[PDB]
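Chains as they are written, first to last, in PDB author numbering: chain A, 199 to 272, 284 to 316, 324 to 342; chain B, 705 to 727, 731 to 753; chain C, 19 to 118, 135 to 172, 186 to 272, 284 to 316, 324 to 388, 391 to 659, 698 to 727, 731 to 753; chain D, 488 to 632; chain E, 19 to 118, 135 to 172, 187 to 272, 284 to 316, 324 to 388, 391 to 659, 698 to 727, 731 to 753. In this text, a Cβ means the ideal position worked out from N, Cα and C, and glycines have one as well.
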Amino acid sequence: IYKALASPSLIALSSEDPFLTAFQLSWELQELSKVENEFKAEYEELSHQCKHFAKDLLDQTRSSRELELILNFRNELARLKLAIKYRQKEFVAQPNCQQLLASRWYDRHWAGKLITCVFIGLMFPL
Amino acid sequence: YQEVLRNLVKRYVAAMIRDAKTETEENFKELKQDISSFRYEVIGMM
Amino acid sequence: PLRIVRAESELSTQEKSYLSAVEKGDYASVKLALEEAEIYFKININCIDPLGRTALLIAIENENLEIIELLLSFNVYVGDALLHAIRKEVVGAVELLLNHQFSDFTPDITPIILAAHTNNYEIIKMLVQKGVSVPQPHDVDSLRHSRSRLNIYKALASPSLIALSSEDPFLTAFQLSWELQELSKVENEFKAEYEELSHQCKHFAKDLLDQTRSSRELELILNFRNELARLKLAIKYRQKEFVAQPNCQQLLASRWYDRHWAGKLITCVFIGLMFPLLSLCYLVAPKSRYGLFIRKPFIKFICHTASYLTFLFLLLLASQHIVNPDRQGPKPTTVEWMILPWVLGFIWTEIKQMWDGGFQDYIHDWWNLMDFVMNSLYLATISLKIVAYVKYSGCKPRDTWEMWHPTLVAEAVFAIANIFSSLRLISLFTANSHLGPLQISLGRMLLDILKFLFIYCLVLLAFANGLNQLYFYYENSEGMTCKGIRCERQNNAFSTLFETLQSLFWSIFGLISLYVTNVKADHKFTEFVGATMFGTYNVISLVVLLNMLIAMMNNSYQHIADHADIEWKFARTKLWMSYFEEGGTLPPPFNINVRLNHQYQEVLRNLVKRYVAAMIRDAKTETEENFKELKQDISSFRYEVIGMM
Amino acid sequence: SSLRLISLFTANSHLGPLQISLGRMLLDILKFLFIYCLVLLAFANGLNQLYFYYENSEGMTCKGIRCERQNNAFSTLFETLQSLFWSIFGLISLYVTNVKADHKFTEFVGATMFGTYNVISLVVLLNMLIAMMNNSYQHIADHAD
Amino acid sequence: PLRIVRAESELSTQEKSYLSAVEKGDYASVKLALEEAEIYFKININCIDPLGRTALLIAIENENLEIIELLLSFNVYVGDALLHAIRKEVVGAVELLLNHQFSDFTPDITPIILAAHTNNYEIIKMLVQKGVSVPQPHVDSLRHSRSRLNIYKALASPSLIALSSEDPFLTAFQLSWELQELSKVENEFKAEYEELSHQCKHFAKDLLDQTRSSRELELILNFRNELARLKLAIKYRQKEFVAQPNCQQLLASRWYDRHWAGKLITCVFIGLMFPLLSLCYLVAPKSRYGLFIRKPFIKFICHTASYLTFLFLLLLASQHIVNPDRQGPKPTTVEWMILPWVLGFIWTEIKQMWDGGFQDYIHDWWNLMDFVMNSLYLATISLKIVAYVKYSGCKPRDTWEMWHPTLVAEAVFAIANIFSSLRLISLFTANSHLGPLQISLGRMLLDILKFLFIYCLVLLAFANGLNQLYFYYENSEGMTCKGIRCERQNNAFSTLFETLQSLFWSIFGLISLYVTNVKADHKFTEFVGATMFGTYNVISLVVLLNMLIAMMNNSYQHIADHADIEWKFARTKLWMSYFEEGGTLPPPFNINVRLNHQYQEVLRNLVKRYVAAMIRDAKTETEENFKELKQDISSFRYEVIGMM
Ligand SMILES: Cn1c(=O)n(CCCO)c(=O)c2c1nc(Oc1ccc(/N=N\c3ccccc3)c(OC(F)(F)F)c1)n2Cc1ccc(Cl)cc1
Ligand SMILES: Cn1c(=O)n(CCCO)c(=O)c2c1nc(Oc1ccc(/N=N\c3ccccc3)c(OC(F)(F)F)c1)n2Cc1ccc(Cl)cc1
Ligand SMILES: Cn1c(=O)n(CCCO)c(=O)c2c1nc(Oc1ccc(/N=N\c3ccccc3)c(OC(F)(F)F)c1)n2Cc1ccc(Cl)cc1
């Protein structure tokens with residue numbers, strides 16, 4: 199039953215939210231590999247393919263407006290903070306999401329960066 | 705959100721069908740297509 | 019759950035038979051199903067399969083040109099069909115389509147870019163013939192701006208497009224790999240993709256160079272624009299695959315060399338013995354008998370090497386007791404006068420190479436900053452010795468000298484100076500085929516150790532701070548003529564931060580005893596805490612950190628040792644190229698184009714036209733070559749049968 | 488005479504392959520000696536050049552590193568080449584870097600050079616001999632029968 | 019040189035067309051050539067090829083059945099075409115051939147043996163239905193060695209075992225055992241026999257995987284008391300059979316019959339009161355607390371809690387509260405409480421050695437360790453009693469002479485305490501994390517013991533050399549101590565015993581440098597001795613002790629590859645020791699008309715499922734898209750020839 203619910207072609211066809219139903223279905227398949235340790239390599243391998251489905255579905259974004267809408271659904286970056294609670298490592302470590310995060314973060325060569333870093337650090341009370 | 709998600713799902717399906725149908732299984736389809744075309748032409752000639 | 023199909027509109031009745039006939043290849047059925055010209059029974063010729071496929075697109079994927087031509091004659095909507103044909107690598111479909135909202139391709143993709151990405155020689159030629167142009171690679188919606196830039200750099204860096212529309216394919220494969228290498232450091236997210244695009248440009252030059260048929264063509268390429287002017291440009295661009303080719307390496311070895326294990330070392334030593342003879346011979350009469358015998362690079366190298374072992378031999382003889392007792396501010400001895408010429412020659416060579424490069428890519432090397440430090444130390448030795456002579460005199464016992472005396476500092480600096488000089492003799496291993504690759508791989512397994520030095524230098528500081536904080540209140544120096552860990556009864560290991568830092572260092576080698584953690588009081592609680600912190604430091608460093616330094620120097624000797632012959636040969640070529648020119652043929656002791702373009706562009710065309718042939722007629726075969737045999741048999745049988753009736 | 492009994496191990500099905508594979512990862516060690524012998528010579532030259540001015544043999548029965556109260560460790564080149572070899576196994580103490588004078592500058596330089604030699608040969612040079620013997624045993628075991 | 023053709027001839031000028039006719043395939047020409055050559059027309063229908071292919075050997079090669087029928091209609095020599103058809107896996111050709135000097139096969143390969151080699155169900159079926167019989171395995189040495197290996201390859205084919213064996217499970221256990229032993233006495237053909245044994249072990253695993261209910265599984269393992288066949292699969296070392304997920308889910312429900327810190331507290335609490343449960347098992351064993359020590363999981367915890375209490379008594383025997393110094397003392401209070409545990413251990417070993425007296429008893433490490441520990445305890449008990457009846461009285465301990473019984477008894481008792489606490493290691497197989505670690509660390513130890521035959525040789529050689537050099541300078545004047553275990557070490561190399569002791573403590577750097585001096589001004593022998601000591605220190609730690617860690621890495625990868633079936637096998641062996649009755653009290657205490703038809707039905711269903719799975723896993727796989738292309742044109746050909 200879990201091998202059928204965790205098929206990419208069925209999630210896309212008959213799910214209201216293919217992103218949310220792939221976060222949940224990979225969390226259950228990871229905590230169910232500890233109660234069924236006899237069938238352990240089959241339950242956790244079934245969970246590793248639900249993480250790649252979300253990564254491949256987010257990989258289809260074409261512009262920076264589609265990507266911004268997805269990560270801010272339901284304060285800001287609400288969907289990205291939800292993908293961290295479920296330990297979606299492939300979802301977060303994507304070039305487009307990393308580029309957006311870097312653009313929010315930063316808001324030269326080796327010998328010119330640490331100089332201004334120390335310059336800013338010296339005046340931290342100022 | 706739904707308008708973006710529909711496009712995402714559609715273009716994921718359109719890529720998965722390509723990557724599944726094409727990937731040397733593509734070469735086998737062409738041989739069958741040629742055989743079927745030749746058979747149909749022969750049947751329609753006589 | 020009650021699973022349902024969500025977000026799917028519909029399909030139609032008649033169109034299913036149409037699509038089935040198109041897919042099955044029935045020409046007549048599609049022919050009659052298309053004959054509702056301008057009077058249609060509500061059948062849409064632009065019907066879409068639920069999978070997105072269309073009748074025009076279905077015929078493209080089956081490459082049945084009869085149905086394709088029939089559909090094209092009926093004014094079927096095309097859309098992005100040319101791009102699909104280009105990606106599917108069907109020549110006939112592209113030929114037919116070239117003379118006449136949901137999109138499957140990125141909006142910034144053009145047919146020329148896609149064709150270059152597919153690397154198809156025929157389609158690229160056909161597109162270029164009709165007239166095309168790639169945009170200029172040269186910020187609001189940064190997602191598609193960074194994606195567009197990568198698409199055009201992937202088209203330019205393609206072997207089939209480069210050698211069809213480039214004046215000099217050898218020169219454009221050097222600038223392109225260099226630009227993609229430095230473009231992967233400003234785009235950290237797409238780093239893994241830019242540096243792979245650069246790697247296929249380096250192999251393209253090597254593959255193109257491998258088509259030379261004789262030594263006449265090979266030397267025409269390397270000498271373009284004084285001598286070997288296109289082999290110094292490859293080294294300037296770090297084209298390691300281009301340089302380390304057998305055809306080029308054999309030519310370089312012939313230029314260099316211009324016998325068995327027991328017969329080669331003896332004659333090399335014999336040649337090196339007469340080092341000072343054929344240097345004054347060159348100075349007096351530069352003749353073919355002796356003056357031109359040092360001009361052979363293999364002989365110059367030996368002479369420059371045998372002149373360095375002489376420097377070290379009397380460097381070991383400068384510390385013998387036989388050769391200025393304990394006299395304060397002494398005059399230079401008989402050995403340092405012999406030392407001075409070599410030092411002066413090294414300093415002059417460094418000075419002359421300083422202004423020739425402008426401190427760029429000159430101080431950026433491991434073996435060229437050790438020289439700077441060594442020469443600075445050698446200059447400071449003289450600077451202190453001359454100062455000692457002019458302001459001190461008289462014989463005074465050494466045990467009575469006050470600390471920081473100029474003589475002691477000068478001799479300490481001199482002793483430090485001549486360690487780098489002997490350690491620089493390591494860079495002469497690249498010339499040997501056995502010790503060469505081993506030495507090169509050792510120096511690249513040492514930039515990872517440098518990263519395992521910000522963990523240890525933080526653990527050491529963290530533990531030293533705590534140990535000093537605990538033990539700084541118990542210091543004493545009464546009844547002790549000797550203080551510190553560097554004595555026979557270590558007493559004050561953890562008294563000061565400077566002493567604590569250097570007492571936790573020697574504990575790695577087991578040279579710090581256990582009684583150093585006691586105090587001159589019966590406070591067993593403090594002593595136990597100190598011993599526990601010392602033991603905890605010993606566990607972390609000697610068991611955890613130093614057992615995973617060797618475990619990460621074993622997952623880095625499988626990548627480094629993978630491609631090691633290329634690196635060693637590149638280094639050996641860089642070593643050889645320094646003994647080819649004129650100007651440096653003096654040991655420090657004795658130192659103190699209308700037609701050329703025609704020929705080049707004529708051989709270049711042959712090289713390109715051989716590469717493209719040896720690429721196509723190998724890509725065809727590399731199981732696929734026999735798939736077309738069955739189709740050929742089927743086509744012949746069909747044509748014969750049809751023509752018969 | 489007693490070290491030729493290992494040549495009879497090529498008759499046992501268990502000890503046979505081990506000896507053959509052990510004698511093949513031994514030309515790799517020989518190539519690694521040519522770097523240690525240069526580092527040792529360089530550091531011995533430096534230490535002797537620093538310390539040869541302080542030789543003394545007054546009021547001492549023994550002289551060198553092979554007695555209970557080690558002294559005159561870096562007075563000559565022979566004793567310096569011996570002192571840097573026994574420091575690999577930790578058999579050389581730390582009070583041999585002192586002199587019968589209050590010259591703390593030269594003692595600190597000698598100690599720093601001794602520590603630098605210890606670092607290079609024990610954590611940078613003996614971890615690359617393990618790393619390159621571990622990646623050379625796999626090739627020998629492919630064709631060892 | 020001039021390249022020529024050596025020892026070869028020409029075929030023909032008119033037979034080349036005849037051979038090409040069957041090479042391309044055309045009934046008209048092929049038939050005509052044979053028909054027109056009936057009356058001795060010098061065509062030699064039994065042609066030859068540069069590859070050595072006759073006319074019959076070409077139609078069979080291309081599997082064309084019509085050509086084979088046409089050729090076999092006439093009188094054509096067959097020779098060994100049957101074996102070629104069997105090897106080529108052509109069912110039609112062998113069917114036609116069955117009812118109808136230079137050879138490519140050794141003169142011992144019968145068609146049945148070759149078919150078993152090919153491992154095809156239908157051809158073997160056809161051959162067996164006709165009636166065949168392989169020989170029974172038991187001058188020309190080369191012939192005889194390639195005459196028993198061919199037989200065992202035929203006997204170990206799954207298709208033949210599943211078709212002509214009364215019990216495929218028994219015939220898979222015993223066949224792999226015989227092949228495994230044969231790999232030893234047959235050193236040349238070692239790799240071939242060992243692969244057959246691993247082939248037979250996977251057959252039982254594959255046949256067991258075709259069970260679809262727990263009822264069918266219990267009928268296989270309990271056949272011919285409880286879990287009768289599961290214990291037989293361990294006597295034959297079937298690690299793959301035991302470590303099946305179903306056989307591990309079944310055993311877990313018999314064993315057990324939550325977060326970590328909700329189970330650790332439960333375990334420590336249930337082990338806290340083992341004596342209560344042990345008493346209740348012997349005074350009121352009806353329901354409440356008498357059969358609560360009968361669950362194997364609870365029994366395992368109670369037995370562990372008794373062993374931990376035994377160790378806690380050994381750690382209280384060294385306390386000073388529990391001690392004068394007098395010859396032959398009366399046993400203390402702790403020893404009286406330790407005696408029951410030793411008696412229980414010895415009695416348990418005595419009542420477990422009767423299955424075979426030293427027969428496969430001393431094969432595993434733990435049995436030998438237990439035997440050594442029990443011998444040491446017996447010797448301690450004997451010496452402490454010997455010392456009581458004769459060597460009595462009070463006297464200061466430092467005045468006692470060595471070899472006194474009260475000293476040897478204490479030494480032996482102290483040596484036996486090390487082995488008692490090392491037996492606690494074997495209880496790690498029951499844990500999920502520490503389990504596989506112990507097995508990998510216990511199988512990566514026979515390699516270490518192979519380096520100790522070279523290290524010991526090097527040690528002996530260097531010790532002999534050093535002793536021969538230094539034995540003339542022995543001195544014992546003004547010395548209270550004599551040896552390397554003194555504050556001022558001396559006489560380190562004066563004798564072979566001390567020489568062997570000194571060269572061992574130098575591995576850890578506990579031997580000072582000044583031990584290489586002599587009470588003389590002989591400065592040439594001192595340098596030679598120091599050079600020998602340094603040379604030993606060179607190849608003992610840099611060369612010989614770095615090749616030990618270099619080969620652990622290249623053997624741990626092989627061990628850790630398949631290191632989960634072995635842990636499960638060990639855990640099952642540990643579990644099944646707590647299932648049977650007898651020995652349920654800790655050491656402190658206790659001092698077939700039917701059922702042969704259901705099994706047959708289940709076995710035949712399993713064989714049917716196995717064959718129906720193997721045929722589909724072999725025929726289909731990328732070979733499914735090759736037979737379809739044949740049908741695609743065969744239907745069209747039939748349609749065309751219907752209308753023509
Ligand atoms: C840090 N320390 C320490 O300074 N002194 C010296 C203090 C006085 O000089 C110890 O005597 C000591 C200790 N630690 C100990 O027991 C271990 C040992 C290893 C551990 N770990 N890892 C490794 C890893 C690799 C090699 C060796 C050890 C470990 O850590 C643990 F895992 F958390 F338990 C705990 N003892 C011994 C001791 C003394 C008294 C008692 Cl009652 C109990 C134990
Ligand atoms: C070479 N030396 C040395 O001879 N003596 C003896 C002289 C006194 O008798 C030191 O006392 C010493 C030292 N080096 C040190 O500090 C380190 C140590 C290790 C480093 N690195 N790696 C390894 C790797 C493996 C094993 C061990 C070390 C390192 O790395 C660096 F920061 F990049 F330099 C820096 N100290 C201690 C010290 C003294 C004074 C100060 Cl102010 C600060 C520190
Ligand atoms: C065997 N011996 C020795 O007994 N004494 C003590 C005698 C007096 O007590 C040495 O002083 C010594 C030595 N050998 C040396 O030189 C090496 C060093 C390392 C070698 N090898 N490997 C390794 C591997 C890893 C780490 C370090 C070294 C090696 O190669 C060898 F032949 F295989 F040993 C030879 N020296 C030093 C020396 C002193 C005086 C002179 Cl004039 C010349 C040289």
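7 Å Cβ cut-off: residues of chain A touching residue i
i                     : result
residue 715 (chain B) : 258
residue 307 (chain E) : 236
Partners in chain A for residue i, counting only beta-carbon separations shorter than 9 Å
i                     : result
residue 362 (chain E) : What residue 362 (chain E) touches in chain A: nothing, since even the nearest Cβ is about 18 Å away.
Beta-carbon neighbours of residue i, restricted to chain B and to distances below 9 Å
i                     : result
residue 742 (chain C) : 738, 741, 742, 745
Partners in chain B for residue i, counting only beta-carbon separations shorter than 8 Å
i                     : result
residue 340 (chain A) : Ordered by position in chain B, no residue passes the 8 Å Cβ test against residue 340 (chain A), which lies about 41 Å from the chain.
residue 302 (chain C) : None at all; the shortest Cβ gap to chain B is about 36 Å.
residue 276 (chain A) : Between 272 and 284, chain A has no modelled residues, which means residue 276 (chain A) does not appear in the coordinates.
Contacts that residue i makes with chain D (C-beta to C-beta distance below 8 Å)
i                     : result
residue 538 (chain E) : None at all; the shortest Cβ gap to chain D is about 14 Å.
residue 577 (chain E) : 576, 577, 578
Amino acids of chain C, ordered along the chain, whose beta-carbon sits closer than 9 Å to that of residue i
i                     : result
residue 752 (chain B) : 749, 750, 753
Cβ separation of residue i and residue j, assumed to be a contact under 8 Å, to the nearest whole Å
i                     : j                     : result
residue 745 (chain B) : residue 734 (chain E) : Rounded, the Cβ-Cβ distance is 19 Å, inconsistent with contact.
residue 162 (chain E) : residue 202 (chain E) : Wrong, their Cβ atoms sit about 12 Å apart, outside the cutoff.
residue 368 (chain E) : residue 654 (chain E) : 6 Å
Contacts of residue i in chain D (Cβ-Cβ under 9 Å)
i                     : result
residue 584 (chain E) : 553
Near ligand 5: residue i beta-carbon under 7 Å from a heavy atom
i                     : result
residue 514 (chain C) : Of the ligands this structure carries, namely ligand 1, ligand 2 and ligand 3, none is ligand 5.
Beta-carbon neighbours of residue i, restricted to chain C and to distances below 8 Å
i                     : result
residue 285 (chain A) : Simply none; closest approach about 18 Å.
For review: beta carbons within less than 7 Å of any heavy atom in ligand 1
C:595, C:598, C:599, C:601, C:602, C:603, C:606, C:610
Stretch pair the region 443-460 of chain C + the region 470-477 of chain C: three plus CB contacts closer than 8 Å
yes
For the 8 Å Cβ check, are there 3 or more pairs between the region 523-534 of chain D and the region 479-499 of chain C?
yes
Return the chain-ordered ranges of every alpha helix (DSSP H) run that is complete within the region 188-233 of chain C and spans a minimum of 4 residues.
189-203, 206-209, 216-230
Alpha helix (DSSP H) segments (min. 4 residues) lying fully within the region 573-620 of chain E
591-609
Which ranges would you report for the beta strand (DSSP E) in the region 495-528 of chain C if only whole runs of at least 3 residues count?
none
Does the contact criterion of 3 or more C-beta pairs under 8 Å hold for the region 202-218 of chain E versus the region 704-715 of chain E?
yes
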